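Structure data (mmCIF, C-alpha atoms) from start.cif:
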data_start
loop_
_atom_site.group_PDB
_atom_site.id
_atom_site.type_symbol
_atom_site.label_atom_id
_atom_site.label_comp_id
_atom_site.auth_asym_id
_atom_site.auth_seq_id
_atom_site.Cartn_x
_atom_site.Cartn_y
_atom_site.Cartn_z
ATOM 1 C CA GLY A 1 0.000 0.000 0.000
ATOM 2 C CA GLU A 2 2.271 2.752 1.272
ATOM 3 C CA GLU A 3 5.091 1.216 -0.795
ATOM 4 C CA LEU A 4 3.227 2.375 -3.909
ATOM 5 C CA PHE A 5 3.881 6.020 -2.921
ATOM 6 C CA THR A 6 7.613 5.981 -2.096
ATOM 7 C CA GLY A 7 8.406 7.827 -5.344
ATOM 8 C CA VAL A 8 6.925 10.252 -7.873
ATOM 9 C CA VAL A 9 3.660 8.847 -9.249
ATOM 10 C CA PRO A 10 2.044 10.040 -12.505
ATOM 11 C CA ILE A 11 -1.588 11.095 -12.232
ATOM 12 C CA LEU A 12 -4.628 11.152 -14.528
ATOM 13 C CA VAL A 13 -7.896 12.866 -13.559
ATOM 14 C CA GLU A 14 -11.041 12.517 -15.685
ATOM 15 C CA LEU A 15 -14.186 14.431 -14.720
ATOM 16 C CA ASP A 16 -17.653 14.371 -16.290
ATOM 17 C CA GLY A 17 -20.121 16.894 -14.932
ATOM 18 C CA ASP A 18 -23.568 18.393 -15.359
ATOM 19 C CA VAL A 19 -24.765 21.438 -13.405
ATOM 20 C CA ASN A 20 -28.381 22.573 -13.888
ATOM 21 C CA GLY A 21 -28.170 20.928 -17.318
ATOM 22 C CA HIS A 22 -24.855 22.442 -18.447
ATOM 23 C CA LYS A 23 -22.716 19.430 -19.332
ATOM 24 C CA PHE A 24 -18.925 19.665 -19.374
ATOM 25 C CA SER A 25 -15.818 17.486 -19.246
ATOM 26 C CA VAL A 26 -12.442 18.033 -17.569
ATOM 27 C CA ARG A 27 -9.166 16.121 -17.905
ATOM 28 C CA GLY A 28 -6.136 16.564 -15.669
ATOM 29 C CA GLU A 29 -2.580 15.258 -15.634
ATOM 30 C CA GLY A 30 0.443 15.569 -13.382
ATOM 31 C CA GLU A 31 2.359 13.773 -10.659
ATOM 32 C CA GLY A 32 2.252 13.160 -6.930
ATOM 33 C CA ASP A 33 4.955 12.826 -4.273
ATOM 34 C CA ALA A 34 3.605 11.714 -0.883
ATOM 35 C CA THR A 35 7.071 11.868 0.717
ATOM 36 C CA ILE A 36 6.624 15.657 0.702
ATOM 37 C CA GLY A 37 2.865 15.444 0.094
ATOM 38 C CA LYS A 38 3.165 17.437 -3.140
ATOM 39 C CA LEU A 39 0.637 17.523 -5.990
ATOM 40 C CA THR A 40 1.248 19.275 -9.318
ATOM 41 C CA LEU A 41 -1.693 19.107 -11.713
ATOM 42 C CA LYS A 42 -3.056 20.859 -14.795
ATOM 43 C CA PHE A 43 -6.748 20.450 -15.632
ATOM 44 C CA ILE A 44 -8.385 21.460 -18.919
ATOM 45 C CA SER A 45 -12.022 21.823 -19.955
ATOM 46 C CA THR A 46 -12.290 19.686 -23.092
ATOM 47 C CA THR A 47 -15.906 20.751 -23.765
ATOM 48 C CA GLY A 48 -15.068 24.442 -24.163
ATOM 49 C CA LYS A 49 -15.586 27.068 -21.474
ATOM 50 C CA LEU A 50 -16.340 25.821 -17.975
ATOM 51 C CA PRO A 51 -19.919 26.730 -16.949
ATOM 52 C CA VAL A 52 -18.831 26.852 -13.288
ATOM 53 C CA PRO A 53 -15.867 28.643 -11.708
ATOM 54 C CA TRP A 54 -12.683 26.602 -11.437
ATOM 55 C CA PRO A 55 -12.345 27.118 -7.630
ATOM 56 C CA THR A 56 -15.655 25.297 -7.089
ATOM 57 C CA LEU A 57 -14.026 22.147 -8.533
ATOM 58 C CA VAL A 58 -10.649 22.192 -6.736
ATOM 59 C CA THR A 59 -11.672 19.816 -3.941
ATOM 60 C CA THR A 60 -13.283 17.429 -6.432
ATOM 61 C CA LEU A 61 -10.270 17.426 -8.775
ATOM 62 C CA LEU A 62 -6.088 12.559 -4.459
ATOM 63 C CA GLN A 63 -5.725 12.554 -0.665
ATOM 64 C CA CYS A 64 -3.748 9.307 -0.944
ATOM 65 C CA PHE A 65 -0.801 11.604 -1.724
ATOM 66 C CA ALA A 66 -0.992 13.190 1.728
ATOM 67 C CA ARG A 67 2.210 12.973 3.723
ATOM 68 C CA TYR A 68 1.406 11.119 6.921
ATOM 69 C CA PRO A 69 4.335 11.549 9.339
ATOM 70 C CA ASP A 70 5.889 8.316 10.547
ATOM 71 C CA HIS A 71 4.141 8.397 13.923
ATOM 72 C CA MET A 72 0.749 8.633 12.148
ATOM 73 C CA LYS A 73 1.291 6.151 9.305
ATOM 74 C CA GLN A 74 -1.083 3.567 10.822
ATOM 75 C CA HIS A 75 -3.922 6.084 10.305
ATOM 76 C CA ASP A 76 -3.478 6.361 6.507
ATOM 77 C CA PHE A 77 -6.713 4.891 5.155
ATOM 78 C CA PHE A 78 -6.164 6.263 1.646
ATOM 79 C CA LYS A 79 -2.892 4.431 0.978
ATOM 80 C CA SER A 80 -4.114 1.304 2.784
ATOM 81 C CA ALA A 81 -6.846 0.863 0.145
ATOM 82 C CA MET A 82 -4.354 0.761 -2.733
ATOM 83 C CA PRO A 83 -3.893 -0.661 -5.320
ATOM 84 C CA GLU A 84 -7.557 -1.808 -5.704
ATOM 85 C CA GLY A 85 -8.478 1.759 -4.666
ATOM 86 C CA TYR A 86 -11.368 3.511 -2.953
ATOM 87 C CA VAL A 87 -14.590 5.327 -3.808
ATOM 88 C CA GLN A 88 -14.769 9.014 -2.865
ATOM 89 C CA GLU A 89 -18.292 10.428 -2.589
ATOM 90 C CA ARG A 90 -19.058 14.022 -1.639
ATOM 91 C CA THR A 91 -22.035 16.344 -1.299
ATOM 92 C CA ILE A 92 -20.880 19.955 -1.678
ATOM 93 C CA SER A 93 -23.710 22.205 -0.488
ATOM 94 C CA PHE A 94 -23.385 25.836 -1.582
ATOM 95 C CA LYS A 95 -25.134 28.270 0.740
ATOM 96 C CA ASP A 96 -28.117 30.048 -0.849
ATOM 97 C CA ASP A 97 -27.401 28.000 -3.982
ATOM 98 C CA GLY A 98 -27.226 24.442 -5.295
ATOM 99 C CA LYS A 99 -25.141 21.413 -4.442
ATOM 100 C CA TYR A 100 -22.569 19.157 -6.070
ATOM 101 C CA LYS A 101 -22.900 15.382 -5.736
ATOM 102 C CA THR A 102 -19.672 13.642 -6.735
ATOM 103 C CA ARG A 103 -18.569 10.013 -6.932
ATOM 104 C CA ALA A 104 -14.918 9.288 -7.707
ATOM 105 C CA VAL A 105 -13.032 6.032 -8.282
ATOM 106 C CA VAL A 106 -9.396 6.394 -7.203
ATOM 107 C CA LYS A 107 -7.111 3.471 -8.025
ATOM 108 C CA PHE A 108 -3.953 2.479 -9.871
ATOM 109 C CA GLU A 109 -3.801 1.521 -13.543
ATOM 110 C CA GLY A 110 -0.286 0.174 -13.720
ATOM 111 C CA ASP A 111 1.973 2.837 -12.243
ATOM 112 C CA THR A 112 -0.538 5.629 -12.973
ATOM 113 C CA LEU A 113 -2.920 6.751 -10.227
ATOM 114 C CA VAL A 114 -6.279 7.370 -11.927
ATOM 115 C CA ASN A 115 -9.150 9.434 -10.483
ATOM 116 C CA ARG A 116 -12.403 8.995 -12.435
ATOM 117 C CA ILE A 117 -15.124 11.366 -11.240
ATOM 118 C CA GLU A 118 -18.826 11.817 -11.985
ATOM 119 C CA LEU A 119 -20.240 15.160 -10.827
ATOM 120 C CA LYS A 120 -23.920 16.155 -10.736
ATOM 121 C CA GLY A 121 -25.132 19.577 -9.595
ATOM 122 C CA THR A 122 -28.728 20.674 -9.022
ATOM 123 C CA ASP A 123 -30.712 23.600 -7.581
ATOM 124 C CA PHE A 124 -28.212 26.223 -8.764
ATOM 125 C CA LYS A 125 -29.427 29.780 -9.367
ATOM 126 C CA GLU A 126 -28.283 31.170 -12.719
ATOM 127 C CA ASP A 127 -27.536 34.633 -11.258
ATOM 128 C CA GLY A 128 -25.663 33.420 -8.180
ATOM 129 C CA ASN A 129 -21.872 33.230 -7.879
ATOM 130 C CA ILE A 130 -21.521 29.720 -9.343
ATOM 131 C CA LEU A 131 -23.359 29.992 -12.659
ATOM 132 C CA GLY A 132 -22.867 33.766 -12.654
ATOM 133 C CA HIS A 133 -19.070 33.304 -12.454
ATOM 134 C CA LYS A 134 -18.783 35.739 -9.538
ATOM 135 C CA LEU A 135 -16.010 33.907 -7.644
ATOM 136 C CA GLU A 136 -12.385 35.028 -7.665
ATOM 137 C CA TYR A 137 -9.660 32.747 -9.037
ATOM 138 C CA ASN A 138 -8.087 32.013 -5.656
ATOM 139 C CA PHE A 139 -8.434 29.537 -2.804
ATOM 140 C CA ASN A 140 -8.483 29.698 1.005
ATOM 141 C CA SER A 141 -6.858 26.590 2.483
ATOM 142 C CA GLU A 142 -7.806 25.077 5.842
ATOM 143 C CA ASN A 143 -7.868 21.663 7.547
ATOM 144 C CA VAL A 144 -9.895 18.586 6.570
ATOM 145 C CA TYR A 145 -11.058 16.600 9.604
ATOM 146 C CA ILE A 146 -11.245 12.818 9.243
ATOM 147 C CA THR A 147 -13.045 10.261 11.407
ATOM 148 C CA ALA A 148 -13.310 6.508 10.995
ATOM 149 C CA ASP A 149 -16.569 4.734 10.140
ATOM 150 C CA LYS A 150 -15.912 1.127 11.135
ATOM 151 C CA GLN A 151 -19.401 -0.131 10.277
ATOM 152 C CA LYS A 152 -19.214 1.082 6.665
ATOM 153 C CA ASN A 153 -15.481 0.179 6.652
ATOM 154 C CA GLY A 154 -14.267 3.642 5.626
ATOM 155 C CA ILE A 155 -13.842 7.259 6.698
ATOM 156 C CA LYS A 156 -15.830 10.492 6.723
ATOM 157 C CA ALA A 157 -14.826 14.133 6.394
ATOM 158 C CA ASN A 158 -16.801 17.319 7.039
ATOM 159 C CA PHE A 159 -15.284 20.690 6.154
ATOM 160 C CA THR A 160 -16.401 24.040 4.722
ATOM 161 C CA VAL A 161 -14.599 25.842 1.900
ATOM 162 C CA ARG A 162 -14.930 29.634 1.818
ATOM 163 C CA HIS A 163 -14.935 31.060 -1.712
ATOM 164 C CA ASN A 164 -14.142 34.741 -2.166
ATOM 165 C CA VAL A 165 -16.786 36.544 -4.214
ATOM 166 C CA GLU A 166 -15.791 39.399 -6.522
ATOM 167 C CA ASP A 167 -17.842 41.883 -4.455
ATOM 168 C CA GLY A 168 -16.007 41.063 -1.221
ATOM 169 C CA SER A 169 -18.594 38.601 0.118
ATOM 170 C CA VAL A 170 -17.926 34.904 0.813
ATOM 171 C CA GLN A 171 -19.628 31.864 -0.738
ATOM 172 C CA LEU A 172 -19.600 28.868 1.599
ATOM 173 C CA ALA A 173 -19.308 25.279 0.365
ATOM 174 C CA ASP A 174 -20.289 22.657 2.961
ATOM 175 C CA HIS A 175 -18.411 19.433 2.136
ATOM 176 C CA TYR A 176 -19.654 16.073 3.377
ATOM 177 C CA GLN A 177 -17.290 13.263 2.395
ATOM 178 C CA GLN A 178 -17.268 9.457 2.490
ATOM 179 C CA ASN A 179 -14.529 7.063 1.363
ATOM 180 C CA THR A 180 -15.140 3.326 0.992
ATOM 181 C CA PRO A 181 -12.475 0.861 -0.207
ATOM 182 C CA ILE A 182 -12.963 -1.157 -3.375
ATOM 183 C CA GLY A 183 -11.006 -4.230 -2.295
ATOM 184 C CA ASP A 184 -12.166 -6.775 0.254
ATOM 185 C CA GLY A 185 -8.906 -6.980 2.223
ATOM 186 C CA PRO A 186 -8.676 -5.061 5.497
ATOM 187 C CA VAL A 187 -7.638 -1.417 5.542
ATOM 188 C CA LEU A 188 -6.254 1.017 8.098
ATOM 189 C CA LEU A 189 -8.997 2.892 9.944
ATOM 190 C CA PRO A 190 -7.811 6.045 11.703
ATOM 191 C CA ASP A 191 -8.309 7.842 14.941
ATOM 192 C CA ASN A 192 -9.608 11.384 14.542
ATOM 193 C CA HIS A 193 -6.997 13.536 12.785
ATOM 194 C CA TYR A 194 -6.820 16.187 10.073
ATOM 195 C CA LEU A 195 -5.133 17.011 6.774
ATOM 196 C CA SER A 196 -3.438 20.419 6.550
ATOM 197 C CA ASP A 197 -3.887 21.845 3.045
ATOM 198 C CA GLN A 198 -1.902 24.500 1.181
ATOM 199 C CA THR A 199 -3.406 25.272 -2.228
ATOM 200 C CA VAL A 200 -2.334 27.676 -4.981
ATOM 201 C CA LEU A 201 -4.072 28.111 -8.338
ATOM 202 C CA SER A 202 -2.435 29.591 -11.428
ATOM 203 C CA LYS A 203 -2.578 29.644 -15.228
ATOM 204 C CA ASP A 204 -0.454 28.193 -18.015
ATOM 205 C CA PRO A 205 0.514 31.108 -20.309
ATOM 206 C CA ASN A 206 0.746 28.810 -23.364
ATOM 207 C CA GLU A 207 -2.583 27.003 -22.805
ATOM 208 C CA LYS A 208 -5.345 28.226 -25.119
ATOM 209 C CA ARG A 209 -8.109 26.180 -23.509
ATOM 210 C CA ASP A 210 -10.000 26.904 -20.306
ATOM 211 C CA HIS A 211 -7.745 25.390 -17.666
ATOM 212 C CA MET A 212 -6.406 25.552 -14.119
ATOM 213 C CA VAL A 213 -2.911 24.836 -12.794
ATOM 214 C CA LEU A 214 -3.004 23.382 -9.279
ATOM 215 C CA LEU A 215 -0.274 23.076 -6.636
ATOM 216 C CA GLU A 216 -1.212 21.233 -3.441
ATOM 217 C CA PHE A 217 0.649 20.329 -0.248
ATOM 218 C CA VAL A 218 -1.328 17.935 1.961
ATOM 219 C CA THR A 219 -0.006 16.846 5.361
ATOM 220 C CA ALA A 220 -1.612 14.887 8.186
ATOM 221 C CA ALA A 221 -1.577 16.080 11.791
ATOM 222 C CA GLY A 222 -3.564 15.968 15.023
ATOM 223 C CA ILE A 223 -1.909 12.966 16.725
ATOM 224 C CA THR A 224 1.116 13.370 18.999
#
How does the structure come out when it is put into structure tokens?
Amino acid sequence: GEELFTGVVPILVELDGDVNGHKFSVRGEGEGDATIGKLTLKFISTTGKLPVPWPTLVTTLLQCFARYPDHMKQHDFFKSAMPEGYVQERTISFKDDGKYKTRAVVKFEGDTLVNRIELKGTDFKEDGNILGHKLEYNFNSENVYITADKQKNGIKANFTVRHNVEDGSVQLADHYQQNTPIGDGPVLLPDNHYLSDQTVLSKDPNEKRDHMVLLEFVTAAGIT
């Protein structure tokens, strides 16, 4: 499990989405290095312009690349489910707006870690932040809190992303998360801990298509 992440791992992310009827498709590529918990990814909208703001998709677009310090390595559920993988399901509720419902399959295909995501959004107002494209191209990073769910044999996470609106307001995104392993072998189930996130978004100056460059540092903490 954790032996699969000792070196740099190439990454493929494929996303199919529909929000209030607006279909779109996103593909991402890059690499991960869990020794330093580093993610470098570039996503592109293959269906033209994205009908939602890119920041709203950052959390949906590989926590198995988190660096768990040595003293916490028995709490790494994500890497314990590899190579057969795990299913990541989320419900991202946007305040005074709609919600994303995502289901992702995260496993290895050879040496490549593949994240295949289906996203469905409903109840979005066309003049509100998301569909109105009123969110700034930035990201406020915080901690993701993880608890074990022994009965369903996985984990759960509950965190809230704050999106800066162009007018100075803040659009909240309530994330409920579940992860369930695909394989039947036993996995590591953790005590309560958290992932510390550092996220930067940027642009590729030579990329003509609607895209987003993503740099992520994910580290576990909360257990001494």
Return as a ChimeraX atom specification the set of residues that the PyMOL selection byres ((chain A and resi 91) around 9) yields on the displayed structure. /A:89-90,92-93,99-102,174-177
Just the selected residues (C-alpha atoms), exported as an mmCIF file, keeping the file's coordinate frame, please.
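This is the output file part_17.cif:
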data_model
loop_
_atom_site.group_PDB
_atom_site.id
_atom_site.type_symbol
_atom_site.label_atom_id
_atom_site.label_comp_id
_atom_site.auth_asym_id
_atom_site.auth_seq_id
_atom_site.Cartn_x
_atom_site.Cartn_y
_atom_site.Cartn_z
ATOM 1 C CA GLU A 89 -18.292 10.428 -2.589
ATOM 2 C CA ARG A 90 -19.058 14.022 -1.639
ATOM 3 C CA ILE A 92 -20.880 19.955 -1.678
ATOM 4 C CA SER A 93 -23.710 22.205 -0.488
ATOM 5 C CA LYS A 99 -25.141 21.413 -4.442
ATOM 6 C CA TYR A 100 -22.569 19.157 -6.070
ATOM 7 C CA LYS A 101 -22.900 15.382 -5.736
ATOM 8 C CA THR A 102 -19.672 13.642 -6.735
ATOM 9 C CA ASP A 174 -20.289 22.657 2.961
ATOM 10 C CA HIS A 175 -18.411 19.433 2.136
ATOM 11 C CA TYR A 176 -19.654 16.073 3.377
ATOM 12 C CA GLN A 177 -17.290 13.263 2.395
#
Rank A:104, A:220, A:12, A:19 by their smallest atom-to-atom distance to residue A:145, using all atoms listed in the file, and report the top residue only.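 Distance minimum relative to residue A:145 lands on A:220.
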Carefully work through the PyMOL selection byres ((chain A and resi 16) around 9) for this structure and note down the residues it includes, as a ChimeraX atom specification. /A:14-15,17-18,23-27,116-120
Evaluate the PyMOL selection byres ((chain A and resi 32) around 7) here and jot the selected residues down as JSON, numbers by chain. {"A": [8, 9, 10, 11, 31, 33, 34, 38, 39, 40, 65]}
Save the residues we just selected, C-alpha atoms, as an mmCIF file, keeping the file's coordinate frame?
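Once written, part-v2.cif looks like this:
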data_model
loop_
_atom_site.group_PDB
_atom_site.id
_atom_site.type_symbol
_atom_site.label_atom_id
_atom_site.label_comp_id
_atom_site.auth_asym_id
_atom_site.auth_seq_id
_atom_site.Cartn_x
_atom_site.Cartn_y
_atom_site.Cartn_z
ATOM 1 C CA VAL A 8 6.925 10.252 -7.873
ATOM 2 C CA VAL A 9 3.660 8.847 -9.249
ATOM 3 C CA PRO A 10 2.044 10.040 -12.505
ATOM 4 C CA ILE A 11 -1.588 11.095 -12.232
ATOM 5 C CA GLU A 31 2.359 13.773 -10.659
ATOM 6 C CA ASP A 33 4.955 12.826 -4.273
ATOM 7 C CA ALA A 34 3.605 11.714 -0.883
ATOM 8 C CA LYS A 38 3.165 17.437 -3.140
ATOM 9 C CA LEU A 39 0.637 17.523 -5.990
ATOM 10 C CA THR A 40 1.248 19.275 -9.318
ATOM 11 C CA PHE A 65 -0.801 11.604 -1.724
#
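Separating atom CA of residue A:148 from atom CA of residue A:192 is a distance of 7.1 Å.
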Determine the axis-aligned bounding box of all atoms of stretch 177-196 of chain A present in the file, pad each side by 3 Å, and express its centre and edge lengths in Å to one decimal place as JSON.
{"center_x": -10.4, "center_y": 6.7, "center_z": 5.8, "size_x": 19.9, "size_y": 33.4, "size_z": 24.3}
Ref. answer, residues at most 12 Å from (2.0, 0.0, -14.6) with only C-alpha atoms, as number ranges by chain: A: 4, 9-11, 83, 107-114
Length of the atom CA of residue A:169 to atom CA of residue A:157 vector [Å]: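 Here the two named atoms are 25.5 Å from each other.
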Using all atoms listed in the file, find the one residue out of A:162, A:123, A:88, A:42 that sits nearest to residue A:62.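 Smallest distance to residue A:62 is found for A:88.
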Could you jot down the atom CA of residue A:6 to atom CA of residue A:106 separation for me, Å, one decimal place? 17.8 Å
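Nearest residue to residue A:141, choosing from A:57, A:72, A:218, A:87 and counting all atoms listed in the file: A:218.
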Quick one: everything within 8 Å of stretch 76-82 of chain A, counting all atoms listed in the file, minus sequence neighbours fewer than 2 positions away in the same chain. Send it as a list in words. residues 1, 2, 4, 5, 63, 64, 65, 68, 72, 73, 74, 84, 85, 86, 107, 108, 154, 155, 181, 182, 183, 187, 188, 189 and 190 of chain A
For residue A:193, the nearest of the candidates A:221, A:52, A:58, A:130, counting all atoms listed in the file: A:221
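Of the listed residues (A:219, A:170, A:158, A:153), A:170 comes nearest to residue A:135; the distances count all atoms listed in the file.
With all atoms listed in the file as the atoms that count, the minimum distance from residue A:223 to the choices A:191, A:22, A:161, A:29 is reached by A:191.
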Tell me which protein, DNA and RNA residues are within 10 Å of stretch 203-208 of chain A, counting all atoms listed in the file, leaving out same-chain ones fewer than 6 positions away, and put them as a VMD selection string. chain A and resid 42 44 137 214
Output as an mmCIF file, in the frame of the given file: stretch 14-29 of chain A, completed with N, CA, C and O atoms.
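For reference, result.cif as written:
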data_model
loop_
_atom_site.group_PDB
_atom_site.id
_atom_site.type_symbol
_atom_site.label_atom_id
_atom_site.label_comp_id
_atom_site.auth_asym_id
_atom_site.auth_seq_id
_atom_site.Cartn_x
_atom_site.Cartn_y
_atom_site.Cartn_z
ATOM 1 N N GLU A 14 -9.985 12.368 -14.693
ATOM 2 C CA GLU A 14 -11.041 12.517 -15.685
ATOM 3 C C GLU A 14 -12.352 12.826 -14.978
ATOM 4 O O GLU A 14 -12.781 12.073 -14.098
ATOM 5 N N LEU A 15 -12.984 13.930 -15.369
ATOM 6 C CA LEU A 15 -14.186 14.431 -14.720
ATOM 7 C C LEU A 15 -15.275 14.661 -15.757
ATOM 8 O O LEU A 15 -15.040 15.326 -16.769
ATOM 9 N N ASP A 16 -16.456 14.105 -15.503
ATOM 10 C CA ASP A 16 -17.653 14.371 -16.290
ATOM 11 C C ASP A 16 -18.698 14.990 -15.376
ATOM 12 O O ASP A 16 -18.980 14.453 -14.298
ATOM 13 N N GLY A 17 -19.272 16.106 -15.805
ATOM 14 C CA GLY A 17 -20.121 16.894 -14.932
ATOM 15 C C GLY A 17 -21.312 17.470 -15.662
ATOM 16 O O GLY A 17 -21.279 17.704 -16.872
ATOM 17 N N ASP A 18 -22.374 17.701 -14.895
ATOM 18 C CA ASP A 18 -23.568 18.393 -15.359
ATOM 19 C C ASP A 18 -24.092 19.217 -14.196
ATOM 20 O O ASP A 18 -24.292 18.689 -13.098
ATOM 21 N N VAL A 19 -24.304 20.509 -14.432
ATOM 22 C CA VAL A 19 -24.765 21.438 -13.405
ATOM 23 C C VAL A 19 -25.952 22.201 -13.972
ATOM 24 O O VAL A 19 -25.786 23.023 -14.882
ATOM 25 N N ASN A 20 -27.146 21.933 -13.436
ATOM 26 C CA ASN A 20 -28.381 22.573 -13.888
ATOM 27 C C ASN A 20 -28.601 22.366 -15.386
ATOM 28 O O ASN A 20 -29.266 23.166 -16.051
ATOM 29 N N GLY A 21 -28.037 21.284 -15.923
ATOM 30 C CA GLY A 21 -28.170 20.928 -17.318
ATOM 31 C C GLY A 21 -26.944 21.211 -18.158
ATOM 32 O O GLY A 21 -26.816 20.648 -19.253
ATOM 33 N N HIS A 22 -26.040 22.063 -17.681
ATOM 34 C CA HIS A 22 -24.855 22.442 -18.447
ATOM 35 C C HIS A 22 -23.814 21.336 -18.312
ATOM 36 O O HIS A 22 -23.118 21.242 -17.300
ATOM 37 N N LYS A 23 -23.708 20.495 -19.336
ATOM 38 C CA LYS A 23 -22.716 19.430 -19.332
ATOM 39 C C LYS A 23 -21.327 19.987 -19.628
ATOM 40 O O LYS A 23 -21.172 20.999 -20.318
ATOM 41 N N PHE A 24 -20.311 19.313 -19.096
ATOM 42 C CA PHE A 24 -18.925 19.665 -19.374
ATOM 43 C C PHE A 24 -18.037 18.482 -19.011
ATOM 44 O O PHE A 24 -18.458 17.552 -18.319
ATOM 45 N N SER A 25 -16.796 18.535 -19.493
ATOM 46 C CA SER A 25 -15.818 17.486 -19.246
ATOM 47 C C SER A 25 -14.457 18.108 -18.968
ATOM 48 O O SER A 25 -14.063 19.081 -19.621
ATOM 49 N N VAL A 26 -13.746 17.540 -17.995
ATOM 50 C CA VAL A 26 -12.442 18.033 -17.569
ATOM 51 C C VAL A 26 -11.466 16.865 -17.508
ATOM 52 O O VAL A 26 -11.808 15.783 -17.016
ATOM 53 N N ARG A 27 -10.251 17.087 -18.008
ATOM 54 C CA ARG A 27 -9.166 16.121 -17.905
ATOM 55 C C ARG A 27 -7.961 16.783 -17.251
ATOM 56 O O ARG A 27 -7.622 17.928 -17.570
ATOM 57 N N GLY A 28 -7.323 16.065 -16.333
ATOM 58 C CA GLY A 28 -6.136 16.564 -15.669
ATOM 59 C C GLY A 28 -5.004 15.556 -15.709
ATOM 60 O O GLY A 28 -5.220 14.347 -15.786
ATOM 61 N N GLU A 29 -3.783 16.081 -15.648
ATOM 62 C CA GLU A 29 -2.580 15.258 -15.634
ATOM 63 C C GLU A 29 -1.543 15.892 -14.720
ATOM 64 O O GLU A 29 -1.563 17.100 -14.472
#
